[PDB]
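Coming up is one lone chain in structure tokens, specifically the form deposited in one PDB entry.
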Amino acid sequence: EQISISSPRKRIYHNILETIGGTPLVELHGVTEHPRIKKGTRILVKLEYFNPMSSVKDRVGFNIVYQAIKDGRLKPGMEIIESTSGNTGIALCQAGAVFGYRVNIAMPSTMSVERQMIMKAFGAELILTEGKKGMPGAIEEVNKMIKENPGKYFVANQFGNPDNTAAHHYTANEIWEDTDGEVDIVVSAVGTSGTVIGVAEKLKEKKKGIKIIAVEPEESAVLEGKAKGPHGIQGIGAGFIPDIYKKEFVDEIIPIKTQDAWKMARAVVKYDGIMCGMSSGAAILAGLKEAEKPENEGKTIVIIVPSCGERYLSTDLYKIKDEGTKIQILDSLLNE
């Protein structure tokens, strides 16, 4: 009932990249108000929008670029390039601005125009490709650019680069230390899969039998062997199995409908005051569905929240209103 805000960090950071990581683990209470969710079961959300550019990909852009520089894969006179219309391009733009490397981001001229402006603010060169060509048209142009200029480009390659996965060994360490080794279940919505696999690798090194749950859109359930299809959960459901995915490390895969993800995210900001994005809505509903299983009474369940709702204001996320009491809303999410 006493409320203590955070204490001083007692650190002076040398640049913005040193503020990446060490993201806070916060108890959910509002949305966990269910008779079937026992009071000893703990439901915690790891808020990756505390990163400097407000997303989990900050860790990925940083590690990919910093390791490439240390590796000699990225050297002076070269430039970074990466086809992406998401948070990865922002994170690559942030790392390139700090390290002093030009960043080329290719995306359909169609896409994330707010995100275009973010990327240009950082000094990125944007490579806007034909809208009706989607992301395949962006990847196509990157390839053409590499081929026409050998030696010039370092490709981030977020779905095939193990420096992605490896960045989440820190994410894992943070979950282990913050929970004092009590974590039982981790739930992660899957885009590149760097988070689910990197967290799993490192936690299973600490405790075999931590349960690792991947989340993906019901409308595009490729990890569960379904076909790529249209869905609305931004940041996840890439439509293929990333080359960095390692199925051995994932214990269960939970599909979540696009509309249910959005409705969960609406309930989390309303009842817990936590403004999470759409993929977080998916992860959290999967986590609540675990928290109501009898076998999981008293367990500690940690749910990754990759981004904040502010990056979704031009989407449909908040535009749909929800009927009912809190208990009605939660019952409709957990039922059928």
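When you see a residue number, it is the position in the sequence shown, counting from 1. So that the term is clear: the rigid core is the largest set of C-alpha atoms that superpose within 1.5 Å between two forms.
Trainee: Would you determine, from the values in the PDB entry, which of 19-27 and 311-319 has the greater average C-alpha temperature factor?
Mentor: Stretch with the greater average CA B-factor: 311-319.
Trainee: Please compare 114-122 with 213-221 and name the stretch with the higher mean C-alpha B-factor in the deposited structure.
Mentor: Result of the comparison: 114-122.
Trainee: Among 59, 36, 42, 46, which carries the highest Cα B-factor?
Mentor: Among 59, 36, 42, 46, the PDB entry lists the largest C-alpha B-factor for 36.
Trainee: Comparing recorded Cα B-factors across 96, 151, 194, 160, which one is largest?
Mentor: The listed residue with the largest C-alpha B-factor is 151.
Trainee: Pull the Cα B-factor of residue 104 out of the PDB entry and bin it into the chain's lowest, middle or highest third.
Mentor: Ranked within chain, residue 104 CA B lands in the middle tercile.
Trainee: Would you mind ranking residue 243 by its C-alpha B-factor against the rest of the chain and naming the third, lowest, middle or highest?
Mentor: Ranked within chain, residue 243 CA B lands in the middle tercile.
Trainee: Rank-wise, by C-alpha B-factor, drop residue 68 into the lowest, middle or highest third of its chain.
Mentor: Middle third.
Trainee: When the deposited Cα B-factors of this chain's modelled residues are ordered and cut into thirds, is residue 142 in the lowest, the middle or the highest one?
Mentor: Tercile = highest for this residue's CA B-factor.
Trainee: Using the temperature factors of the C-alpha atoms in this entry, rank residue 130 within its chain: lowest, middle or highest third.
Mentor: Tercile = highest for this residue's CA B-factor.
As for the form deposited in another entry, it is not shown, yet the points below apply to it.
Trainee: After aligning the rigid core, which of 255, 162, 232, 108 is the one whose Cα travels 2 Å or more between this form and the one not shown?
Mentor: The one that shifts is 108.
Trainee: Using the rigid core as the reference frame, would you say residue 210 shifts its C-alpha by 2 Å or more between this form and the one not shown?
Mentor: It does not, since the residue 210 C-alpha is displaced less than 2 Å between this form and the one not shown after the core fit.
Trainee: Using the core for the fit, does the CA position of residue 131 change by 2 Å or more between this form and the one not shown?
Mentor: For residue 131, whose C-alpha is compared between this form and the one not shown after core superposition, the shift is 2 Å or more.
Trainee: Any chance the CA of residue 140 moves 2 angstroms or more between this form and the one not shown, core superposed?
Mentor: Residue 140: C-alpha displaced by 2 Å or more between this form and the one not shown.
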